[PDB]
Amino acid sequence: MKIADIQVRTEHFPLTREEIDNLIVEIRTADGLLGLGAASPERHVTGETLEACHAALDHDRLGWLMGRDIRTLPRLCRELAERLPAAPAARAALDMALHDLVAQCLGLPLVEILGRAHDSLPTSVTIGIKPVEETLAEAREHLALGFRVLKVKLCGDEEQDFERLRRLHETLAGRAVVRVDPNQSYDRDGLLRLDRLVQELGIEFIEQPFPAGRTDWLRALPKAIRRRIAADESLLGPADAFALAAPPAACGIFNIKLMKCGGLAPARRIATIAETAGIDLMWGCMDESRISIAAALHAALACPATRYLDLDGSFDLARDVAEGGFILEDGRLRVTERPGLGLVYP
Amino acid sequence: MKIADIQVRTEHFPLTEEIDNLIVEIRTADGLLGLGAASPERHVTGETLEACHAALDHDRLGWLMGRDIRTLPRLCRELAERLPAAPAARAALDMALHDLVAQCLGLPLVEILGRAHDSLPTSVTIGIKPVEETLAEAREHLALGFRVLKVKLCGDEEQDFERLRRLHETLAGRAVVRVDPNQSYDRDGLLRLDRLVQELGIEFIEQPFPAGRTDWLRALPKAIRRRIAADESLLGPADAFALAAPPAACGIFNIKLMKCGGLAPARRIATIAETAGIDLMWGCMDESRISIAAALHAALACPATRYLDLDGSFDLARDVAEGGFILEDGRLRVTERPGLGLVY
Ligand SMILES: [Mg+2]
Ligand SMILES: [Mg+2]
């Protein structure tokens, strides 16, 4: 099955709460199948801007891909890594469209051909940095919507962070678990205090407390604490995965985002490393169309090591370019029974 | 594509006294046939022919019946869970399933695996034996078109070193040599061997030290470690991870399907190796062309593959299949047929 055509466009998705941009990718085969992909580059984490992403997705720059056989997909992905080495979000949009196509070609949901390890998982929704009152309010809104897991961003100001966490813990009254994301904002003593609190409050783990290039700060922690820490901005691709997993392992949880690693194929390499090293998998996202969320979910549901999801990147989108691909019920995400990514597109 | 049937049988292959293989036939409902072969090596993996046979018994495979081949990664994980102590049996089933999936897609297996190579030369082996027989066998392999010789070493340095010197002189550049002491060297002896190996342009030294002795490897200078390959020390992805982790124990991983349990775990080993910058070598046991072909497809699909010792079917006086690979001028390649490309 030959790739007949590749088209990219910019989409402006207003937020329900401001807008956010995604590159939308259509790959068509000669028999008329359509694979779908979406790119949401994060320049501060990967260096990849929207301009560079868009440029790497140019139809003519992608000429090497035209006419190629999708049945060769792992070779294709190896070429995506070689020919778009600086544009991981673009790479992911193409990679996910190609997997969509291969799964449609085999007539099954993608997770089925990746091989299924899980039926569904709870996803977190995010409460950003704000005061106690707004935090508790959001918490109750989410609880009402059926969510059992909250992800709270922390700013690194301890009195405030800790207060928000205590009050949130009291309000929730065991109705949902909490996980936190300081995103690089903590120092070493501060992290020790935060971890004491986290133990106290039953918070599940701490994501990326330290600067991305600070992994030595992580390794200097007691193993019991490292096990409770997730790598996000420190983990882009398989190379990072291997360096972090190598004894002494820097942490106990890997946060994989397609827009960091560059697609499902590199994601499988990370999963291989994590699983051998006994590291749990978290699957996150940028602000994303339901297309790439769906892709991420198929991959996650196909990894035995997957323990957690922050998959909420399409929830704040006022409009999207596709429906389906995943079903949300009672705070849990699962895929549908349709082939490929299982997206409905006009 | 659903699995309709699975059959196992024991073949006794006279050499040119005898080696046994288990042959697996997997049939789907649409009439397709995948093939696999098992050659367990007990001193390496602990797996006996009896245990392998028992693991492959049709009455123990009911969980595989009716299963969809398009779900292959899931089937392979279950293979790992259900046959943890029988890697050769696991590999026979795994390669048969890969054969089937590649037929489903209508291409040579290597192509759906992502081809990274068209062909590579394979070594052929010269066993432990006196200088003259060594040289004579060397001339015999050269006349069949082989450019690479794999020489087994016994750990007696006088005999080993003289054999290698005379062989080097006799070859006069016509073939490269790699060596396999298989656990028989001590630390100092290995230093002497490495000096000689540099002198004679020998490619690398496979598994000089006991399998449980990888600390002895890590104690060596990095430049020496780079010239050493792990074999009996390397079974599956866990081993590969522990050998690759800094400081890395050696520069070359020898994957054998009868050690790691199939193409799937072989793929995991390859991921680890590529990330760590370690080269891949694909070896074998005494094996039907079926599993040689399987290994070759997998090898030609890994960017990290630098070497093959794929000669395990050459000495079989008969075999149960043809094709699956072509040997020309000492180099192995696959055919243009779908699946393993075997003629049955
Ligand atoms: Mg994060
Ligand atoms: Mg060996």
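Ligands are counted one by one from 1 in listed order, and the atoms in each one are counted from 1 as well. Scope of the values below: all heavy atoms of this structure, side chains included, with no hydrogens, waters or symmetry mates. Residue numbers start from 1 in every chain, and the chains themselves are labelled A, B, ... in the order their sequence lines are given, proteins ahead of strands.
- Ring-plane geometry between B:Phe241 and A:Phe242 is classed as perpendicular, the angle between the planes exceeding 60 degrees on a 0 to 90 degree scale with a lower cut at 30.
- In terms of the salt bridge (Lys or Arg N to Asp or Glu O under 4.0 Å) criterion, B:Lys152 has no residue partners (sequence neighbours excluded).
- No hydrogens or angles considered: nothing links the side chains of B:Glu287 and B:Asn21 as a donor-acceptor pair under 3.5 Å.
- Counting non-hydrogen atoms of neighbouring residues, nucleotides and ligands closer than 6.0 angstrom, the CZ atom of B:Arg42 reaches no more than 12 such neighbours.
- The distance cut-off of 2.8 Å around the Mg ion (ligand 1) captures these protein N, O or S atoms, sorted by chain and number: A:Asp181 OD2, A:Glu207 OE2, A:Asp232 OD2.
- For A:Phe254 and A:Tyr308, the gap between ring centers reaches or exceeds 6.0 Å.
- Ring pair A:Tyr186/A:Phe162 is parallel by interplanar angle, where below 30° counts as parallel and above 60° as perpendicular.
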